[PDB]
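Counting starts at 1 for both ligands and their atoms, following the listed order. To find a chain, count down the sequence lines: A is the first, B the second, and so on, and within it residues start at 1.
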Amino acid sequence: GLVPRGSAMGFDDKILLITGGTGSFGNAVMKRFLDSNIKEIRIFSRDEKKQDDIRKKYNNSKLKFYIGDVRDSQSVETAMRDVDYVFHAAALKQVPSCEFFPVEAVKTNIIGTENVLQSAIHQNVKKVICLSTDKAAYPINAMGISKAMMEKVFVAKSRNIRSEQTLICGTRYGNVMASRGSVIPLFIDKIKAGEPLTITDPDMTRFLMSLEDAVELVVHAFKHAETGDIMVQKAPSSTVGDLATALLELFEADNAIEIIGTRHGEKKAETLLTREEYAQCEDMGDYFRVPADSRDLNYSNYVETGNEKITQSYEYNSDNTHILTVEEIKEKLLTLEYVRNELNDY
Amino acid sequence: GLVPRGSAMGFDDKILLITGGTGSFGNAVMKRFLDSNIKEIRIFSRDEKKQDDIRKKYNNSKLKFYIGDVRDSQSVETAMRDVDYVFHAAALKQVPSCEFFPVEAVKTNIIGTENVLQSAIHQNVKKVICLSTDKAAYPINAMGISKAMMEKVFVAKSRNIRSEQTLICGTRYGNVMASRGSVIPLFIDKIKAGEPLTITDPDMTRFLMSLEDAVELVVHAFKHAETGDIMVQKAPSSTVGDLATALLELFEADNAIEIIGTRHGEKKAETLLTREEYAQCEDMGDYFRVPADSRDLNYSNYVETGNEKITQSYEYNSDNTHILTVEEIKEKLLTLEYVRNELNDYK
Amino acid sequence: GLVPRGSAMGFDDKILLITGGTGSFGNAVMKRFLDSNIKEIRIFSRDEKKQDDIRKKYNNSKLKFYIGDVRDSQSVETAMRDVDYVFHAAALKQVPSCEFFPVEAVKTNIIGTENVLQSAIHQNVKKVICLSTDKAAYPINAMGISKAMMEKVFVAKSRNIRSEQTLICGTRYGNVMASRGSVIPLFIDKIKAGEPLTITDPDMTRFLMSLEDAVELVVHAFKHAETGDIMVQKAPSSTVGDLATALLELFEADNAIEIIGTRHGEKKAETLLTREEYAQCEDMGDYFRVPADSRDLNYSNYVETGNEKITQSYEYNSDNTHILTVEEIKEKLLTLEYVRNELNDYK
Amino acid sequence: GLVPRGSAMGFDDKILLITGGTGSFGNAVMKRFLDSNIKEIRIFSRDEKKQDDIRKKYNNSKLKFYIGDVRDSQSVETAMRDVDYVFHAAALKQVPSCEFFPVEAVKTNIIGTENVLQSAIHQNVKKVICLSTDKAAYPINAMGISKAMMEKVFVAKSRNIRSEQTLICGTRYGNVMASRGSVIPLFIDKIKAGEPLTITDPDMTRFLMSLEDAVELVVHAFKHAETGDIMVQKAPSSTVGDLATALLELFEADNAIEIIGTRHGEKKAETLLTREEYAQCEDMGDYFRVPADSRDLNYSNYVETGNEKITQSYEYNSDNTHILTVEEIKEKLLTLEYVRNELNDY
Amino acid sequence: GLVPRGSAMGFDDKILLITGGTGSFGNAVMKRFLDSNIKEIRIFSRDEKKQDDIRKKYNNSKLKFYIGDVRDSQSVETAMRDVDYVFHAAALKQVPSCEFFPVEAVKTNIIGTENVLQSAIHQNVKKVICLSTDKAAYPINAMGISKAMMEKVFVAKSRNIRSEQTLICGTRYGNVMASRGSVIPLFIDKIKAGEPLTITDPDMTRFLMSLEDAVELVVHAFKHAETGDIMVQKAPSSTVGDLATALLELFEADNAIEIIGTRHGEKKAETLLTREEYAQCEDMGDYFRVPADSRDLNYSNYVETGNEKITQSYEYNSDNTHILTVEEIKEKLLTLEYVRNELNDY
Ligand SMILES: CC(=O)N[C@H]1[C@@H](OP(=O)(O)OP(=O)(O)OC[C@H]2O[C@@H](n3ccc(=O)[nH]c3=O)[C@H](O)[C@@H]2O)O[C@H](CN=[N+]=N)[C@@H](O)[C@@H]1O
Ligand SMILES: CC(=O)N[C@H]1[C@@H](OP(=O)(O)OP(=O)(O)OC[C@H]2O[C@@H](n3ccc(=O)[nH]c3=O)[C@H](O)[C@@H]2O)O[C@H](CN=[N+]=N)[C@@H](O)[C@@H]1O
Ligand SMILES: CC(=O)N[C@H]1[C@@H](OP(=O)(O)OP(=O)(O)OC[C@H]2O[C@@H](n3ccc(=O)[nH]c3=O)[C@H](O)[C@@H]2O)O[C@H](CN=[N+]=N)[C@@H](O)[C@@H]1O
Ligand SMILES: CC(=O)N[C@H]1[C@@H](OP(=O)(O)OP(=O)(O)OC[C@H]2O[C@@H](n3ccc(=O)[nH]c3=O)[C@H](O)[C@@H]2O)O[C@H](CN=[N+]=N)[C@@H](O)[C@@H]1O
Ligand SMILES: CC(=O)N[C@H]1[C@@H](OP(=O)(O)OP(=O)(O)OC[C@H]2O[C@@H](n3ccc(=O)[nH]c3=O)[C@H](O)[C@@H]2O)O[C@H](CN=[N+]=N)[C@@H](O)[C@@H]1O
Ligand code: NA
Ligand code: NA
């Protein structure tokens, strides 16, 4: 549900703004809230085409289409007036595009976020949920470094704005299974083309999250996050070599593997909580919550006083979570209707 | 050597601009270049008071004092006209203050650097060297993250602007030994006051670099870096417990150790080259050079083509260099005039 | 012909920048210039995903993919360095979305164009061709008004900057046949689904232009426009009722027609040249050239001196060109591969 | 009067801001409100001279002189604090000056307006009345195109701001008779110089409005416009050939006519309501009101659903209004004290 | 005390912001308020070092350290939220640095001040006290001219903002005795080096103010200034030749004097109140208060109506105040612990 258990919450008079609202996450979130009594869902983005396709597709009076840009504070102000909740998903998110145009990454992902937070604070928005990526933890590419910096920026407001004025929090998850351009559809197309599957490093591990998992994470933060939190879903992982086997077997395919080597900007394993975060997080069940530290702007935690619990802690990553067997991966894959439709047609 | 063996530069008609000029780094680089034939060293910062002290202290006709702020392009442009070389050291560099004010860290360390680079390109500057830190590699704190992003910003120029137009490169090094506020003067003060030494985690390792090491790394980049390069100096490391022991012994002191635990914003070990950087780097001897990849803006190294050499590389860090022994740390500590003076003053 | 008969251009050392590069117009111009000796075609937009699809689809070394936004001058300047030719197609071009967000239409279509022009002048670009629409002539909707104002902005340069510095011109054409979201694919879908064809006003006339027509108009301007020129392609028109009949017949289909009435934001007939433009234009054959007036900034053509030729001119519009017959419309519709494929797939 | 009939309106505690307040319309509006109990009339403009001449001329404690620029939002904010009503008349309004410097036209007429609207909304201004021109309908020159765009910008706020917060509307009229530089004083001076009257196109028609007519239009909008309205005064027209005859006869002059031809940037006839506007306007008597459409940002009126009433409608212009005879034009001319003083001295 | 006599004032829930808070005045003001029940003292400046030294030095939970820049309105907004009082001391204040970089002087001293005032007005700050210098009266160098302009800017808000919203006032004093770089420590070091004292012009007069005097002036304005006031402390002066004698005698030193001549950018005498200010000030005892004129923006005081009291008035400067004898100067010097410690060690 969209409401905590035993909660006195009604959406009848509320307005949700989604930035990046035409992207595929913005889109699944929109569908989740359309099934609610929310008054208005504002879809905010520069893409007049995407907006018109959605408008015609859903034909739903809850949906409002705003043209604007997170880089421009006046364009954000216009869509922010009267809004109660913001799911901030606008971002430059491709690794190579950010690597070659990092100033562009900073204007959208960092300054764009700060525009949206300042405007939500000015308009008395109740909640802002910022989206981030496991590429933000111990980051190595311009994309993940811009998102790690975006986290620092949204966290820093909790050392400055009253939760009862505007609650600001964020969610961090890995690439979603079967998202466009990702390795599941790459492999599947290779299978169907009778071409070899190109594996970078078969011993790489990545967390496995469906789109539905990633939408539930955003809804969990929307319901339970306190201001300054970063919220992560616990998730299993697999090696890429095993994901490939799994897809081979499901499609009963005989395609060879071709090892192409690790690409620029990629880790062997992804981290979801650094050592410090893991040391300080609270376990909410299927989620970890990382509370903002030093909300009173006391510096001494950084300088004079330390914690032997940080000294003793480990980081949370795709090598030390539950690494799925080949049969577990097939099972998880069969929960994805994307995989199922492709499996049928084959 | 401000110049490669077998080279001559006239610096005689050249102009060096140092941002961050009044800080202790700009200051040691400044002093290095005063002993050259350089025509003019422009000290650029907003600290009018420190500028006046440096002016009075050195009393040297080569030095010019410019007021201005890397956050303001017109302020930089005023100081950049006719400059040949820029050492870009302006930064917000404390961890806690970047953590709490990260928009200010982006404004000075990222947007400020881009202002300096765009103006240096506009004014036909020959080289810009950007200073960075080992806290930028696999960064955890807002400060190291902002410096990581600055590195991506200065490297991205080498895939747009042409080396014989403006060579743009950077150096990355760890905390300098005996710097203002760092653990060596902390520990020495604790000794002298007869108080216990507050150790966070005795098994932490940190690269050991003197100020003169760091100044040599900048000069090595100035002479030898190509556009897009990140230059690092190979360095030994020590554990924090052995650094305490070494000082305790040099000072013949018996203060207790008190373990206060790991502070927020800090790692067990520092990384100087990530796995991908190590795999791609060139060994210059006592230095590694990380060349910029994909100078022609081709995306296929990121998407379709990979490299097995990245796959079986690992990272260069303060646990896998040479970790000094207690007696090696004392030998290094004794090379520092700060340590000698403290020790002398101690009887 | 990317070059006038009796000319040679080496494009071999030349660089073309397309703003709006990922849209369907930039895409067809791009494909046109891939078959030339052009050194590099830079696709400029903020759509990182569409850029990656184009990159993978074409796999052509001439293509470079730049992230950036016509609203940001430094973003444009990065992509404009060393460019020889700019096709400026970036725009907000839907009517309802410019109507409801007209400040966004001004930011992208007017201020965005001025950013592109100032940077092209700064970087010594040889030509910029700006794309415009017949909704800009006697405009009624925020979209056509913003494009009318963009035309005034690019024409006003020719009364300031010098042709052998940067030639600046534009093309104006109507909706392209079978474009995304346009009435032809609407009607074909309605046929295939066995639903009635929703006609607004059957007596509306619109100029008929294919995508290849439109691409030829841009190439005609690139070869032949002078600075300040607005170029238009002469074109026939049809009424909307005959376009429906033509499709109904090609598809041997019997769907009813439903009249829904004129929508907000639309005219009965489109204008391609106003009265003043017609009076002043040169006939190039299948094209009209509208020269920029008063290149020396003299005001007297506006105040003290008039022209009897403007007085007895009229306007070039979709009612006074050649209005195609049903059978002529079917002949034109059959030249489009989109229509052929739809028709083929239909049995 | 300044107050609707039967209305409970008092100006005792209200503040009016006029931008472009030193221009000749700003000036007649000022004189109209000086005859009221308004507390303060702020005259806002860059022209320190014009302001000091007015200050000395009127010597009236209601008048306050602010220096500022509609292009600068901070300069507008300073004059906007505590204001109840704004008559926004600042503009670049010469045809050739806008044609040659259209970026200048956009910064004053379009962005300048958006600065004034955002600031009036921030300061809780009750009413903003924007002035526009018949050159804005089916516009052909940079000046009228910038004003047509300005209309779209002020209308668009009614799809976003509550009338009870800030009512935003606009008025559209043609050139005013006997305004400086206009054809009535040009002709009259030709008469007095014994030179031929230079007529562009004798068959051109233009609406005839006195300055007093144009001030009554602004007051009518101030009293009755709802948010998003464009308000036009019904007005007769004349051919230029007939205006010239009329002036010739009134002055009993024998001057020849010289035909100089249509100039750049001029239409044969002016439009006051386009076809779409005319189809949707309400007739208030001597005025038409064009209501803002789609205030709920429903797109479908643009895309899926049409109106056969638009299909059937005609536009409202100076050829299809009442075209005055030569005797009617003389009569109207004799109501203008400008014409009378010139007639006497002659 | 920090509270007027008989005043109902409590600092328990109040927040003070100090810009330029790491400079030596910002620092003495901070120490004064630390001795009070104020809830928070925010130290605002770009100098992360200075801030950390203070934090460690005082180790006091009242102190909060903000990084920011008066030149950036968003950086000021962050530190201004929830603030009750601002002591605005950020400035470029060296004569030669402003002379050579006057654009820099204008961005910090003039535009920086206007950022801080606009933000204090937006955040409903109760009081802003701006600091200025006697070099601002009849100014001759870029530094004093930028500060004279800063005074005009803060005064001008009182012709526009209600005191009950935000009271804006300023204090004007000369260089403080024994401040860093000033002539007392220069001379003293000359004495101790056995070098000649370099005197510019022995007949120059300057007002003598201790740091404690200058802090009491700021506290007096904080307690009693009304909006638009400039507040000056009455102060005696000395000739430089006499200051030098005094120091010579106190240290029983035989150093010669060397006359170096007047330097660029220096007056013979400093003015604290111009003629106009002196004519209009109220004498509060040990302070003069200069009230803002024409708070209703009536121009006529400038143009049509004059005051024979201005015609008759004199200016208040270091030649017409009480010029101290050599023995008086020694006495005043001995109240400065700086002088005392130096005297001892010698
Ligand atoms: C374009 C690019 O270089 N990488 C975009 C992409 O992020 P990335 O982490 O590469 O995800 P993927 O699903 O491709 O690889 C997963 C695993 O399979 C491996 N992999 C991948 C491709 C391949 O051919 N073979 C292979 O083994 C690969 O090494 C890894 O171990 O998609 C992201 C998010 N997509 N969404 N939403 C964007 O942020 C990025 O810009
Ligand atoms: C303020 C702060 O949090 N750290 C500033 C500082 O970065 P940092 O890495 O802390 O260097 P240090 O010299 O303090 O620690 C070395 C080792 O001693 C250990 N350490 C440190 C302090 C102590 O009391 N005990 C202790 O064991 C400690 O855990 C570590 O393992 O110095 C940087 C460079 N400039 N200087 N100095 C600034 O960028 C930073 O803001
Ligand atoms: C969204 C919208 O309102 N109109 C977009 C569109 O501009 P437009 O002029 O509508 O072109 P079209 O191809 O729809 O109509 C042709 C004729 O068919 C008639 N028409 C149209 C639709 C219909 O259902 N019935 C009908 O008779 C119609 O009245 C007309 O007489 O296409 C433009 C260019 N890009 N495309 N496609 C975008 O700039 C616009 O935002
Ligand atoms: C400077 C310029 O080119 N035109 C300014 C002007 O707008 P415009 O519409 O020309 O009004 P006018 O009163 O001149 O012509 C009326 C009729 O008489 C005709 N006309 C005019 C001059 C002439 O010599 N002969 C003639 O027949 C003319 O063709 C037309 O049919 O004044 C406007 C508003 N003025 N006010 N307030 C400004 O917006 C413009 O910048
Ligand atoms: C750097 C510079 O040129 N002047 C800074 C300085 O302001 P200023 O008024 O010079 O004060 P000082 O204490 O030096 O002279 C007092 C008298 O002694 C005389 N004087 C001074 C020096 C000397 O060698 N001999 C001498 O006779 C001198 O002529 C004068 O009659 O300190 C100021 C504030 N400092 N604080 N806080 C800054 O605003 C300025 O930038
Ligand atoms: Na922040
Ligand atoms: Na708008």
Side-chain angles (χ1 to χ4, degrees), chain A residues 24-25 93-98 133 135 143 174-176 179-184 186-187 197-202 204-206 240 243-244 260 262-263 265-268 270 299 302-304 306, chain B residues 48 52 93-98 133 135 143 174-176 179-184 186-187 197-202 204-206 240 243-244 260 262-263 265-268 270 299 302-304 306, chain C residues 48 52, chain E residues 24-25 48 52 93-98 133 135 143 174-176 179-184 186-187 197-202 204-206 240 243-244 260 262-263 265-268 270:
Chain A
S24 82
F25 195 92
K93 72 200 74 60
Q94 295 305 320
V95 170
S97 49
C98 292
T133 166
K135 301 187 187 289
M143 187 281 282
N175 300 348
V176 153
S179 64
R180 192 25 192 228
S182 66
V183 65
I184 293 162
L186 184 68
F187 281 169
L197 284 57
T198 56
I199 297 191
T200 48
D201 175 357
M204 279 171 166
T205 51
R206 295 290 190 270
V240 167
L243 182 45
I260 59 163
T262 296
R263 299 168 303 167
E266 312 200 79
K267 305 169 136 167
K268 196 173 193 89
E270 296 289 8
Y299 282 74
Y302 283 82
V303 181
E304 293 88 11
Chain B
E48 39 173 5
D52 183 61
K93 57 177 206 68
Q94 295 308 299
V95 163
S97 79
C98 292
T133 162
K135 301 189 196 307
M143 192 278 293
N175 284 8
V176 157
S179 59
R180 201 57 173 283
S182 62
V183 70
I184 288 168
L186 192 69
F187 281 172
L197 270 62
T198 43
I199 294 191
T200 46
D201 171 6
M204 274 165 170
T205 54
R206 294 291 183 273
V240 175
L243 174 62
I260 63 174
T262 298
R263 300 174 302 176
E266 64 181 349
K267 290 182 177 180
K268 202 171 162 157
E270 305 268 22
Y299 290 62
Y302 290 81
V303 186
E304 296 87 30
Chain C
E48 39 173 5
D52 183 61
Chain E
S24 82
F25 195 92
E48 39 172 10
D52 179 70
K93 72 200 74 60
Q94 295 305 320
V95 170
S97 49
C98 292
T133 166
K135 301 187 187 289
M143 187 281 282
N175 300 348
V176 153
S179 64
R180 192 25 192 228
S182 66
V183 65
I184 293 162
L186 184 68
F187 281 169
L197 284 57
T198 56
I199 297 191
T200 48
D201 175 357
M204 279 171 166
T205 51
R206 295 290 190 270
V240 167
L243 182 45
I260 59 163
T262 296
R263 299 168 303 167
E266 312 200 79
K267 305 169 136 167
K268 196 173 193 89
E270 296 289 8

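The distance criterion of under 3.5 Å between nitrogen or oxygen atoms is met by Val95(E) with respect to ligand 5. Geometrically, ligand 1 and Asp201(A) share no nitrogen or oxygen pair separated by less than 3.5 Å. Considering backbone and side-chain atoms alike, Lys135(A) places an N or O below 3.5 Å from some N or O of ligand 1.
Neither the backbone nor the side chain of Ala244(B) has a heavy atom within less than 4.0 Å of ligand 2.
Atom 39 (O) of ligand 1 has its closest protein heavy atom at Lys93(A) O, 2.9 Å. Shortest contact from atom 30 (C) of ligand 2 to any protein heavy atom: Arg206(B) NE, 3.6 Å. Atom 22 (C) of ligand 2 has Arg263(B) NH1, 3.6 Å as its closest protein atom, hydrogens excluded (heavy atom only). The protein heavy-atom contact nearest to atom 1 (C) of ligand 5 is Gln94(E) OE1, 3.3 Å. Annotation: atom 37 (N) of ligand 5 to nearest protein heavy atom, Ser179(E) OG, 3.4 Å. In terms of protein heavy-atom proximity, atom 13 (O) of ligand 5 is closest to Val183(E) N, 2.7 Å. Of the protein's heavy atoms, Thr200(B) OG1, 3.6 Å lies nearest to atom 19 (C) of ligand 2. The protein heavy-atom contact nearest to atom 28 (C) of ligand 5 is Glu266(E) OE1, 3.3 Å.
Interface atoms of ligand 5 facing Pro96(E), defined by a heavy-atom separation under 4.0 Å, are 1 (C), 2 (C), 3 (O), 41 (O). Listed by number with element, the atoms of ligand 5 under 4.0 angstrom from any heavy atom of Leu186(E) are 22 (C), 23 (C), 24 (O). The ligand atoms of ligand 5 that sit less than 4.0 angstrom from a heavy atom of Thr198(E) are 23 (C), 24 (O), 25 (N), 26 (C), 27 (O). Close approach of ligand 5 to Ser182(E) (heavy-atom distance below 4.0 Å) involves ligand atoms 13 (O). Within the listing of ligand 5, atoms 6 (C), 7 (O), 8 (P), 9 (O), 11 (O), 32 (O), 33 (C), 34 (C) sit less than 4.0 angstrom from a heavy atom of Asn175(E).
Not close to ligand 1: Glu304(B), with no non-hydrogen atom less than 4.0 angstrom away. Distances shorter than 4.0 angstrom do not occur between any heavy atom of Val176(E) and any atom of ligand 5.
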